[PDB]
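2 protein chains.
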Amino acid sequence: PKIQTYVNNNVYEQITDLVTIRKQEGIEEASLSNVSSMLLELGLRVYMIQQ
Amino acid sequence: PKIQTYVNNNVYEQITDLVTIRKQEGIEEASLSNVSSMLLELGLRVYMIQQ
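Chains A and B are the protein sequences, given in the same order. Position one of the first sequence corresponds to residue 8 (our numbering), numbered consecutively onward. Position one of the second sequence corresponds to residue 8 (our numbering), numbered consecutively onward.
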């Protein structure tokens with residue numbers, strides 16, 4: 008399903024910076040949406056480890 | 008700004024489970040949106056560490 012969330016401008020920029028980096032690393036299809044989805048899942052995994 | 012992304016049903020459920028847990032831990036205002044935003048920032052931090 009869709010998730011709609013809100014971040015500060017600095018965090019937003021850091022995610023868009025990662026889109027550029029991901030493309031440079033050969034992920035031609037990288038987008039704000041699919042980078043965000045990957046980061047959200049990574050954060051979920053780490054937060055569950057730290058519980 | 009707003010971020011709109013998409014996750015599988017299992018990941019979505021795990022995030023909603025964390026909303027329930029966060030409320031149980033005293034975060035009365037926890038929501039899918041604000042849990043997601045916190046996880047997205049955590050994932051960003053970990054991914055940048057692992058670069």
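Each residue gets a CB set at the ideal place from its N, CA and C atoms; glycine is no exception.
Report buried or exposed for residue i, applying the criterion of at least 16 other Cβ atoms within 10 angstroms of its Cβ.
i: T12(A); result: buried
i: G33(B); result: exposed
i: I56(B); result: exposed
i: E48(A); result: buried
Could you please give me the residues that DSSP links to residue i through a beta bridge?
i: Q11(A); result: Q11(B)
Could you work out which residues of chain A lie near residue i, taking near to mean beta carbons separated by less than 7 Å?
i: residue 120(B); result: Beyond the ends of chain B as shown, which are 8 and 58, falls residue 120(B); an answer cannot be given.
Going along chain B, which residues have a C-beta under 8 Å from residue i?
i: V53(A); result: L49, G50, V53
Determine the chain A residues that contact residue i at a beta-carbon separation under 8 Å, and present them in chain order.
i: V18(B); result: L47, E48, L51
Give the interface partners of residue i over in chain B, defined as CB-CB distance under 7 Å, in chain order.
i: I22(A); result: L51
Go through its chain and collect everything with a Cβ distance to residue i's Cβ below 7 Å, but skip five positions before and after it.
i: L51(B); result: none
i: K30(B); result: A37
Between which residues of its own chain and residue i is the CB-CB distance below 8 Å, once the five residues before and five after are set aside?
i: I22(B); result: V14, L39, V42, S43, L46
Might you give, ordered along the chain, the residues of its own chain that have their beta carbon closer than 6 Å to the beta carbon of residue i, omitting 5 neighbours on each side?
i: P8(B); result: none
Cβ contact check for the stretch 40–51 of chain A and the stretch 10–30 of chain A: 3 or more pairs under 8 Å = Counting Cβ pairs under 8 Å, three or more are found: they touch.
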